[PDB]
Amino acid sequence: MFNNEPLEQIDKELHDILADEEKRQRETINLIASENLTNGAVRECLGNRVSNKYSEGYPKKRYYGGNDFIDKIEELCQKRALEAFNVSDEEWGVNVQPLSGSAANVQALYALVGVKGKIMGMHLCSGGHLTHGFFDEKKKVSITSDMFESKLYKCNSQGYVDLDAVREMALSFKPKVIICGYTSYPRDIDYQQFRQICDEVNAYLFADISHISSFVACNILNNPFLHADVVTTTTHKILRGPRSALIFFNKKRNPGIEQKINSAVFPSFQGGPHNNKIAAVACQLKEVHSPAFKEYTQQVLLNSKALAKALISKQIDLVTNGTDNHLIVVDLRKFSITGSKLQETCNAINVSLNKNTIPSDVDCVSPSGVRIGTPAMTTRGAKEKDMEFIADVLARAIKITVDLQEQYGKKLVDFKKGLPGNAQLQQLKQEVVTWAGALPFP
């Protein structure tokens, strides 16, 4: 007693918009540092009937039976995760049920410290995530600031993590956890010195490597597994997985953390897992381990270096003046434009990027930068030589953004009015669309 008609016949209204979305992605220069494009096989898993099944609990300890085939997929996923991150299944455990990065971090944080527990993280304005304890004067913005007691450690004026400030804070504040790994930080992390500070205060070391997961997996960047008690990561960014998250815990350093983490995910926070997620994750974790994916991850860093270098050749300032990873943050202060204005401009030319804060900003309203990343475009086949052209389009967009701000003024309302119909934008968009439109598309 069901309607089995295909999507186009059953819901033409929705199917048009999705064909629209597909086309916009096809014709966009996507520089969102956190975005990627999944292959057909990962999306076959997302659409699989495995999502029909309720399997609360863990493998071989299901509440319900009929979870033989589901148990194999959940076990194949955890095996593959421990493999991809080069850790012994004897030494590290992994939980594959968190629905997204934000859920994974709140869950893992809870396990370690509980309600009212003390945590430390990087400020949002310096590149930290919301789930690293972010709050404001006006309100406790993240649950992580409300259910926990959180202190935030700023980066220095050059955009680097200042460990002295971390230590001075750690000693006075005395938290149970210190978080490292960030949302928009363009350099590598010194996990060793984080571990040193954590031992001084007897705090746990939490590394959130969602943005740099692929680098860590393929030994391109520093390895937090050597020093961290907990490692969280999302699966949908540089890793090229579905939208999901993983929690890694170090049994040797902390026996009986396996149960604490596992009970936090369920039944403390979540109910039934999403088995289509878990299957999709497993499918991508196979690909991660292959030598082909390392090459891709290497290519992300090459493109990221080339992009930074080309932007500097056109007199654009980058926070920390470069990058060790897939992402860059452009400081726009010398151009007297805001990140929000540049974003609109770039949306009008089918260039995807996000506004971002820089060290000098005192508030998240009117941030002075934009953040870009290479994983999506590297997925679409762009090489180092293609980066000059991307850098070219961004500089032209910065120029137009200045021109339009000169004409209509700095108020965003007024600035946006200049945007529709602009000859140069129509010309730049068209250029963007022609080059983007022909790049390989999974």
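For the two forms, the rigid core is made up of the largest set of C-alpha atoms that agree within 1.5 Å on superposition. Numbers follow the displayed sequence, beginning with 1.
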Fill in: Stretch with greater C-alpha deviation in 7 other deposited structures of this protein, 359-367 versus 206-214 (rigid core superposition)
359-367
Discussion item. Mean CA temperature factor from the deposited coordinates, higher in 26-34 or in 399-407?
Written reply: 399-407
Practice prompt. Can you let me know which of the two, 164-172 or 140-148, has the higher average C-alpha B-factor in the entry?
Written response: 164-172
Practice prompt. Tell me, please, which of 331, 208, 363, 324 has the highest C-alpha B factor according to the deposited entry?
Written response: 363
Practice prompt. Would you mind checking which of 89, 74, 317, 188 has the top Cα temperature factor in the PDB entry?
Written response: 89
Response to the item:
Tertile call for residue 380 (CA temperature factor, within chain, third-based) is the middle
Fill in: CA B-factor ranking of residue 341, expressed as a third of its chain
middle
Practice prompt. Looking at the entry's B-factor column for C-alpha atoms only, identify whether residue 65 ranks in the lowest, middle or highest third of its chain.
Written response: highest
Worksheet, complete the sentence: Temperature factor at the Cα of residue 43, chain-ranked in thirds, falls in the middle
Worksheet, complete the sentence: The third of the chain into which the C-alpha temperature factor of residue 414 falls is the highest
